Amino acid sequence: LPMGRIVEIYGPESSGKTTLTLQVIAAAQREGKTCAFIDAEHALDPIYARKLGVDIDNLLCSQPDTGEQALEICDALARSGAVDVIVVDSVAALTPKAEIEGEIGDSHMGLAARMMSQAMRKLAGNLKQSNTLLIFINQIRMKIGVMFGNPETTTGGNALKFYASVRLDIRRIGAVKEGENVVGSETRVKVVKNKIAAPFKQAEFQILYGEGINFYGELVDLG
Amino acid sequence: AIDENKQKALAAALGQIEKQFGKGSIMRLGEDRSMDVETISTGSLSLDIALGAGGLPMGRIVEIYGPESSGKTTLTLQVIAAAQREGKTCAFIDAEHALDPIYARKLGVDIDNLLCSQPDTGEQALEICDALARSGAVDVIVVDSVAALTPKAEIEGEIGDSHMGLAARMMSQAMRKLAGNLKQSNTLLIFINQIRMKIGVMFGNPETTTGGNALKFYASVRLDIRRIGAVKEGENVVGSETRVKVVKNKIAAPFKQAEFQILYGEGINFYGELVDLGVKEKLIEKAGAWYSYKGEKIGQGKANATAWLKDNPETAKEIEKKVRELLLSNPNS
DNA sequence: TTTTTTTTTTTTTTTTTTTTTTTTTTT
DNA sequence: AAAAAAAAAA
Ligand SMILES: Nc1ncnc2c1ncn2[C@@H]1O[C@H](COP(=O)(O)OP(=O)(O)OP(O)(O)=S)[C@@H](O)[C@H]1O
Ligand SMILES: Nc1ncnc2c1ncn2[C@@H]1O[C@H](COP(=O)(O)OP(=O)(O)OP(O)(O)=S)[C@@H](O)[C@H]1O
Ligand SMILES: [Mg+2]
Ligand SMILES: [Mg+2]
């Protein structure tokens, strides 16, 4: 993954989005780099992060109240020049202040898409100067009034698709069994956008519950 | 020399963030105690083992779904009863308009202290959940059927009028607003969901759940409950044989399952589980259809062995203690 | 040869920004 | 296989 750029990772429920993103952090911390995790979903388990190989004691973590606060912390850490990797867990949970103060049922027409469009404009330049990698996790939603193409879409509007240097589609394609005991997931990643090399290549690997990505399993298949 | 200017730049940035947004706005993950996972009992010992962390996680969202008369409401009332016995406050949002308070009392719920609402719209139901979460004074909220959370525009409208993804949009907005508030208050939110069949499919599961896709993403636990048979007293059907599958888990390994009995008017059969678990850990010897503890022949047939454990509380406590110590991945005492 | 006096009055616009979400058997 | 309605900023 390229330093100083924006990356998007999206997929369905329990496809391994958070697990993949913690393995990037673990690998970067072993090379002396500093990392931050913005947990907008409010669902990070620190003991699981430790089992995957993250140094919990040095990882900066924030659970912000609004989307604006989340993206202002990203800008501040990027300008500092001292953080190498930032992860933002779900764009889908980046709630605008006006929507939090409001009531359930109130319409907020394209307010989240407008905030995201503003954030990309402000961040792209700062990330490139600091040489900081920013990873956005995104969730999938269905679009209505469609027969062509894919009815699948992502959250947060159109800006992120333009500014991302790499976009990754992750999917669970089966179970890893020890006879009866389900012990992990068979996983496929498609590269759907690439600006640093050719796109549309794919990768297959195993995620084992409590260990993470099965390295030696890949080394067999490649050997 | 160069890594020392970085430490200073980082310290300044952390200072500026904490000044702008408040004290605990950014910290190191290892020194954040609010981020530790705390669990409460489900009222079933086999399900507490299947979940891996010894129960359902406080501060998170949980989904329980299944077919008609599978025990969804009964399971949530057993969670509330177990929580009330630890001095926690509990609320029940009855969107189905089908709760019986006499039956709730028989399952062990304190009817006099349980908060209850029968809201008119889905928006009203989800605004009450948000208000109780912000209060900081409620520990467990149950919402009976997502399926019955009707948007205001659909109630004011006529039967036949199309409302394209209006319910799905309301749930997507509710998750965004609630997730953060539930974590700050340390409140557990349980959603009950119904199964619907999907058309235009040949592969996979044609079974779907109601209310759109948002809840699948934000839930920390998802439970599929199913009636697998009858519990008989010769002729009289006295209860249900029940299976729960953990189809999503973020606090331990998923895809474990639990089997137990629901007896009509009592609820979940605790001693019936404790027999089957004590047998599995070699603390109870099973000689064909005979149950024996430490050589002492206690009963023949599961029902008599359960009745024996009932009238001897101390030996039941001894077997519980052992099963708890052994099989739980994270014992908390 | 000798010696200054005193203010008056407004003028005129410029330019958009951004999506969100499924629903249900039928024989 | 056929569908709908939502605002606020220098
Ligand atoms: N603490 C844990 N212990 C054991 N297994 C886990 C844990 N957390 C996640 N997993 C499993 O790892 C697999 C991938 O999980 P994640 O990386 O959390 O996926 P995800 O796409 O981020 O899912 P979300 O955010 O919940 S929609 C799933 O099968 C999980 O059940
Ligand atoms: N008041 C009651 N007295 C005796 N048995 C009951 C009572 N209420 C429910 N039951 C039985 O307990 C079992 C589980 O019922 P529930 O817990 O209501 O299941 P459920 O999935 O909530 O079903 P729904 O909401 O009707 S689709 C069923 O066999 C019921 O008949
Ligand atoms: Mg995740
Ligand atoms: Mg019910």
Side-chain angles (χ1 to χ4, degrees), chain A residues 8 10-13 66-68 71 90-123 136 138-163, chain B residues 63 65-68 121-123 126 145-178 191 193-218:
Chain A
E8 184 183 6
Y10 72 86
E13 66 283 3
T66 70
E68 289 86 345
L71 293 162
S90 277
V91 177
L94 253 34
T95 319
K97 193 179 192 286
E99 183 161 58
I100 282 165
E101 291 188 328
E103 283 188 343
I104 284 145
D106 290 352
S107 94
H108 301 280
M109 318 166 70
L111 183 64
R114 231 146 64 221
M115 176 182 67
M116 281 269 92
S117 207
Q118 186 182 48
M120 299 302 94
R121 255 182 257 147
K122 294 189 77 248
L123 282 164
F136 286 105
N138 219 335
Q139 302 176 2
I140 285 177
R141 296 287 185 278
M142 299 326 275
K143 75 212 304 207
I144 303 176
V146 52
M147 313 87 201
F148 72 89
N150 213 321
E152 284 183 333
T153 190
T154 53
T155 302
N158 299 314
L160 182 54
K161 289 174 224 297
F162 289 89
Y163 284 86
Chain B
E63 185 185 0
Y65 72 86
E68 64 284 344
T121 67
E123 288 89 356
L126 295 167
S145 284
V146 172
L149 295 173
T150 318
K152 192 185 199 284
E154 186 155 38
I155 286 169
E156 290 186 331
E158 288 179 83
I159 286 154
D161 290 327
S162 181
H163 305 282
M164 308 167 73
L166 181 63
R169 219 147 62 221
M170 182 179 67
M171 290 303 293
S172 210
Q173 185 183 56
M175 297 301 93
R176 258 183 253 150
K177 292 187 74 262
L178 279 168
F191 284 107
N193 216 338
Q194 301 176 3
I195 284 173
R196 292 289 184 276
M197 227 51 45
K198 78 199 315 199
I199 77 194
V201 79
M202 301 129 292
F203 68 88
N205 212 8
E207 290 187 336
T208 331
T209 224
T210 311
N213 292 302
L215 181 52
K216 292 176 222 298
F217 288 90
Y218 285 84

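Hydrogens, waters and symmetry mates play no part in the numbers below; they use all other heavy atoms, side chains included. The chains referred to below are lettered A, B, ... by the order of the sequence lines, with proteins before strands, and numbering in each begins at 1.
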To the nearest Å, give me how far apart CG (A:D106) and P (C:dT20) are. 17 Å
Identify whether any heavy atom of B:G160 sits under 4.0 Å from a base atom; if not, whether one sits that close to sugar-phosphate; answer base, sugar-phosphate or nothing. nothing
Return the value, rounded to whole Å, for the distance between atom CG of B:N205 and atom P of C:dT25. 14 Å
Between C:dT20 and D:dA4, how many Å separate the two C1' atoms, rounded to a whole number? 11 Å
The sugar of D:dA6: north or south, by the sign of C1'-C2'-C3'-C4'? north
Heavy-atom pair of closest approach, residues B:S145 and B:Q194: OG-NE2, 3.3 Å
Nearest non-hydrogen partners of A:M120 and A:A159, listed with the distance: CG-CB, 4.1 Å
Nucleotide C:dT24, atom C1' - distance to CD of B:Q194 in whole Å: 14 Å
Starting at CG of B:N193 and ending at P of C:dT24, how long is that distance when rounded to a whole Å? 11 Å
Find the distance B:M171:CE to C:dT23:P and express it as a whole number of Å. 10 Å
For C:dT21, does OP1 or OP2 lie under 4.0 Å from any side-chain N or O of B:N213? no
Please list all pairs meeting salt bridge (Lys or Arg N to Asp or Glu O under 4.0 Å) that have one or both residues in residues 141-162 of chain A, counting only residues at least two apart or in different chains. A:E152-A:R171
Name the closest nucleotide to the B:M197 side chain, picking from C:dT25, C:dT18, C:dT20. C:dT25
How many Å lie between CD1 on A:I104 and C1' on C:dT20, as a whole number? 17 Å
B:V146 to B:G211 - nearest heavy-atom pair and separation: CG1-CA, 4.0 Å
Calculate the interatomic distance between A:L160 atom CG and C:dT20 atom P; express it in whole Å. 12 Å
Looking only at heavy atoms, what is the nearest atom pair of A:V146 and A:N150, with distance? CG2-O, 4.5 Å
Could you spell out the base pairing of DNA chain D in dot-bracket, with Watson-Crick or G-U pairs whose two distances are under 3.5 Å, [ ] crossing and | to another strand? ||||.|||||
Shortest non-hydrogen pair, B:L149 vs B:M171, comes out as CD1-SD, 4.1 Å
Quick one: list whatever passes side chain to side chain contact (heavy atoms under 4.5 Å, CB included) with A:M109, sequence neighbours left out. A:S107
Heavy-atom closest pair (B:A174 atom, B:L126 atom, distance to 0.1 Å) is CB-CD1, 3.9 Å
Quick one: list whatever passes side chain to side chain donor-acceptor pair (under 3.5 Å) with A:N138, sequence neighbours left out. A:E8
Could you list, one pair per line, each protein nitrogen or oxygen that sits under 3.5 Å from a nitrogen or oxygen of nucleotides 3-10 of chain D, together with the distance?
from, atom 1, to, atom 2, distance (Å)
D:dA6, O3', A:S107, OG, 3.0

Pairs where residues 91-106 of chain A contributes a residue and the test side-chain hydrogen bond (donor to acceptor under 3.5 Å, both in side chains) is met, not counting sequence neighbours: A:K97-A:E101, A:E99-B:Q173, A:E99-B:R176
Answer yes or no: are the six-membered ring centres of D:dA5 and D:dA6 under 5.5 Å apart with planes under 30°? yes
Using atom CE of B:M175 as one end and atom P of C:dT21 as the other, report the distance to the nearest whole Å. 12 Å
North or south sugar for C:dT23 (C1'-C2'-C3'-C4' positive means north): south
Base stack present between C:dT7 and C:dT8, cut-offs 5.5 angstrom and 30 degrees: yes
